[PDB]
Amino acid sequence: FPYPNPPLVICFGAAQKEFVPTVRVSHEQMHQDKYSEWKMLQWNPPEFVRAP
Amino acid sequence: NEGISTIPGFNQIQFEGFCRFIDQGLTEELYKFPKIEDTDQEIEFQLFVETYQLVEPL
């Protein structure tokens, strides 16, 4: 009769593989075509995308 | 511009060295060549350094 000991929670919303909703205007931009230099922006990320 | 976000090419050193050579060293050496004038009339031959063009291998 009692519910299981670990308290259950509910996540409500849309199921998406790798969606990133928080999008703003970043001042620093890397090369448009070379996606091997975009990790330099993960290193110093924009303030809003520090922990998306 | 390259090699700052990934491991650079192992053969990039020789590549850029040969590129800089072909770019500037040939012209720098051709500039310092002297004007051949060894005669009393002083018949002088010259090499137009500006017209330097390499050709593809046969």
# chains A, B, ... in the order shown; residues from 1 in each chain; ligands from 1
call {"tool": "interface_residues", "arguments": {"of": "chain A", "to": "chain B", "cutoff": "7 Å", "atoms": "only C-alpha atoms", "output": "ChimeraX atom specification"}}
result
/A:36-37,40
call {"tool": "residues_around", "arguments": {"residues": "residue 26 (chain B)", "least_positions_apart": "6", "cutoff": "10 Å", "atoms": "only C-alpha atoms", "output": "compact mmCIF listing (two decimals) with N, CA and C atoms, in the first residue's frame"}}
result
# COMPACT_ATOMS: atom_id res chain seq x y z
N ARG B 20 57.27 29.04 -47.07
CA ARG B 20 57.98 30.30 -46.89
C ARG B 20 59.19 30.40 -47.82
N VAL B 49 64.16 40.14 -62.12
CA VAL B 49 63.78 39.38 -60.93
C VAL B 49 62.26 39.34 -60.78
N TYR B 52 59.70 36.08 -62.15
CA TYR B 52 60.08 34.80 -61.56
C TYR B 52 58.85 33.91 -61.49
call {"tool": "select_by_dssp", "arguments": {"residues": "region 12-58 of chain B", "states": "strand (DSSP E or B)", "output": "list in words"}}
result
residues 36, 37, 44 and 45 of chain B
call {"tool": "atom_distance", "arguments": {"atom1": "CA of residue 29 (chain A)", "atom2": "CA of residue 43 (chain A)"}}
result
13.2 Å
call {"tool": "atom_distance", "arguments": {"atom1": "CA of residue 50 (chain B)", "atom2": "CA of residue 16 (chain B)"}}
result
23.1 Å
call {"tool": "select_by_dssp", "arguments": {"residues": "chain A", "states": "helix (DSSP H, G or I)", "output": "ChimeraX atom specification"}}
result
/A:39-43,47-49
call {"tool": "residues_around", "arguments": {"residues": "residue 50 (chain A)", "least_positions_apart": "4", "cutoff": "12 Å", "atoms": "only C-alpha atoms", "output": "NGL selection string"}}
result
:A and (22-23 or 26 or 41-46)
call {"tool": "write_last_selection", "arguments": {"atoms": "N, CA, C and O atoms", "output": "PDB file, in the first residue's frame"}}
result
ATOM      1  N   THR A  22      17.932  28.269 -24.266  1.00  0.00           N
ATOM      2  CA  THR A  22      18.499  29.557 -23.867  1.00  0.00           C
ATOM      3  C   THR A  22      19.442  30.036 -24.966  1.00  0.00           C
ATOM      4  O   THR A  22      20.595  29.605 -25.043  1.00  0.00           O
ATOM      5  N   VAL A  23      18.945  30.929 -25.818  1.00  0.00           N
ATOM      6  CA  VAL A  23      19.719  31.490 -26.919  1.00  0.00           C
ATOM      7  C   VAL A  23      19.688  33.008 -26.808  1.00  0.00           C
ATOM      8  O   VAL A  23      18.612  33.610 -26.705  1.00  0.00           O
ATOM      9  N   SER A  26      25.736  36.437 -28.671  1.00  0.00           N
ATOM     10  CA  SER A  26      27.097  36.358 -28.160  1.00  0.00           C
ATOM     11  C   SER A  26      27.997  37.350 -28.885  1.00  0.00           C
ATOM     12  O   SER A  26      27.927  37.498 -30.108  1.00  0.00           O
ATOM     13  N   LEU A  41      35.101  28.147 -27.327  1.00  0.00           N
ATOM     14  CA  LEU A  41      34.000  28.919 -26.770  1.00  0.00           C
ATOM     15  C   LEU A  41      33.341  28.154 -25.681  1.00  0.00           C
ATOM     16  O   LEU A  41      32.619  28.716 -24.906  1.00  0.00           O
ATOM     17  N   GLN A  42      33.499  26.852 -25.646  1.00  0.00           N
ATOM     18  CA  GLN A  42      33.018  26.089 -24.519  1.00  0.00           C
ATOM     19  C   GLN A  42      33.900  26.451 -23.365  1.00  0.00           C
ATOM     20  O   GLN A  42      33.453  26.538 -22.252  1.00  0.00           O
ATOM     21  N   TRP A  43      35.177  26.650 -23.628  1.00  0.00           N
ATOM     22  CA  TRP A  43      36.127  27.003 -22.595  1.00  0.00           C
ATOM     23  C   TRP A  43      35.775  28.304 -21.922  1.00  0.00           C
ATOM     24  O   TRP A  43      35.685  28.334 -20.713  1.00  0.00           O
ATOM     25  N   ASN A  44      35.617  29.395 -22.664  1.00  0.00           N
ATOM     26  CA  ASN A  44      35.156  30.644 -22.061  1.00  0.00           C
ATOM     27  C   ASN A  44      33.764  30.843 -22.644  1.00  0.00           C
ATOM     28  O   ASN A  44      33.630  31.458 -23.701  1.00  0.00           O
ATOM     29  N   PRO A  45      32.706  30.331 -21.960  1.00  0.00           N
ATOM     30  CA  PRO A  45      31.424  30.451 -22.652  1.00  0.00           C
ATOM     31  C   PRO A  45      30.783  31.798 -22.378  1.00  0.00           C
ATOM     32  O   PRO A  45      31.184  32.507 -21.442  1.00  0.00           O
ATOM     33  N   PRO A  46      29.793  32.196 -23.179  1.00  0.00           N
ATOM     34  CA  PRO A  46      29.044  33.424 -22.876  1.00  0.00           C
ATOM     35  C   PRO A  46      28.319  33.283 -21.545  1.00  0.00           C
ATOM     36  O   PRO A  46      27.952  32.177 -21.141  1.00  0.00           O
TER      37      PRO A  46
END
call {"tool": "residues_around", "arguments": {"residues": "region 27-38 of chain B", "least_positions_apart": "5", "cutoff": "10 Å", "atoms": "only C-alpha atoms", "output": "ChimeraX atom specification"}}
result
/B:21-22,43-52
call {"tool": "write_last_selection", "arguments": {"atoms": "N, CA, C and O atoms", "output": "mmCIF file, in the first residue's frame"}}
result
data_model
loop_
_atom_site.group_PDB
_atom_site.id
_atom_site.type_symbol
_atom_site.label_atom_id
_atom_site.label_comp_id
_atom_site.auth_asym_id
_atom_site.auth_seq_id
_atom_site.Cartn_x
_atom_site.Cartn_y
_atom_site.Cartn_z
ATOM 1 N N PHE B 21 59.894 29.286 -48.019
ATOM 2 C CA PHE B 21 61.007 29.277 -48.960
ATOM 3 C C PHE B 21 60.547 29.706 -50.345
ATOM 4 O O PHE B 21 60.999 30.732 -50.862
ATOM 5 N N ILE B 22 59.607 28.961 -50.933
ATOM 6 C CA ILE B 22 59.137 29.270 -52.282
ATOM 7 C C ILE B 22 58.574 30.688 -52.348
ATOM 8 O O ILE B 22 58.702 31.380 -53.366
ATOM 9 N N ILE B 43 79.609 44.659 -72.001
ATOM 10 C CA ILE B 43 78.378 43.984 -72.390
ATOM 11 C C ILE B 43 77.726 43.397 -71.149
ATOM 12 O O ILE B 43 78.310 42.550 -70.461
ATOM 13 N N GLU B 44 76.505 43.841 -70.859
ATOM 14 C CA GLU B 44 75.851 43.558 -69.588
ATOM 15 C C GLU B 44 74.601 42.720 -69.808
ATOM 16 O O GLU B 44 73.727 43.093 -70.597
ATOM 17 N N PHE B 45 74.525 41.590 -69.110
ATOM 18 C CA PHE B 45 73.326 40.771 -69.067
ATOM 19 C C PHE B 45 72.637 40.935 -67.717
ATOM 20 O O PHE B 45 73.290 41.094 -66.681
ATOM 21 N N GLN B 46 71.305 40.900 -67.737
ATOM 22 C CA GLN B 46 70.513 41.091 -66.532
ATOM 23 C C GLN B 46 69.380 40.078 -66.493
ATOM 24 O O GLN B 46 68.898 39.616 -67.529
ATOM 25 N N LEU B 47 68.967 39.731 -65.277
ATOM 26 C CA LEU B 47 67.841 38.834 -65.036
ATOM 27 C C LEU B 47 66.725 39.643 -64.388
ATOM 28 O O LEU B 47 66.900 40.176 -63.287
ATOM 29 N N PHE B 48 65.589 39.750 -65.072
ATOM 30 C CA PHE B 48 64.448 40.461 -64.511
ATOM 31 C C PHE B 48 63.882 39.670 -63.339
ATOM 32 O O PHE B 48 63.199 38.659 -63.535
ATOM 33 N N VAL B 49 64.157 40.136 -62.119
ATOM 34 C CA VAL B 49 63.778 39.378 -60.929
ATOM 35 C C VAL B 49 62.263 39.335 -60.776
ATOM 36 O O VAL B 49 61.706 38.367 -60.245
ATOM 37 N N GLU B 50 61.571 40.375 -61.248
ATOM 38 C CA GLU B 50 60.118 40.418 -61.118
ATOM 39 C C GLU B 50 59.457 39.270 -61.872
ATOM 40 O O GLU B 50 58.419 38.753 -61.443
ATOM 41 N N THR B 51 60.042 38.857 -62.996
ATOM 42 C CA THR B 51 59.470 37.799 -63.828
ATOM 43 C C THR B 51 60.019 36.440 -63.387
ATOM 44 O O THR B 51 60.704 35.729 -64.125
ATOM 45 N N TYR B 52 59.696 36.083 -62.147
ATOM 46 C CA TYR B 52 60.081 34.803 -61.564
ATOM 47 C C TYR B 52 58.848 33.910 -61.490
ATOM 48 O O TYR B 52 57.861 34.259 -60.832
#
call {"tool": "atom_distance", "arguments": {"atom1": "CA of residue 54 (chain B)", "atom2": "CA of residue 9 (chain B)"}}
result
26.5 Å
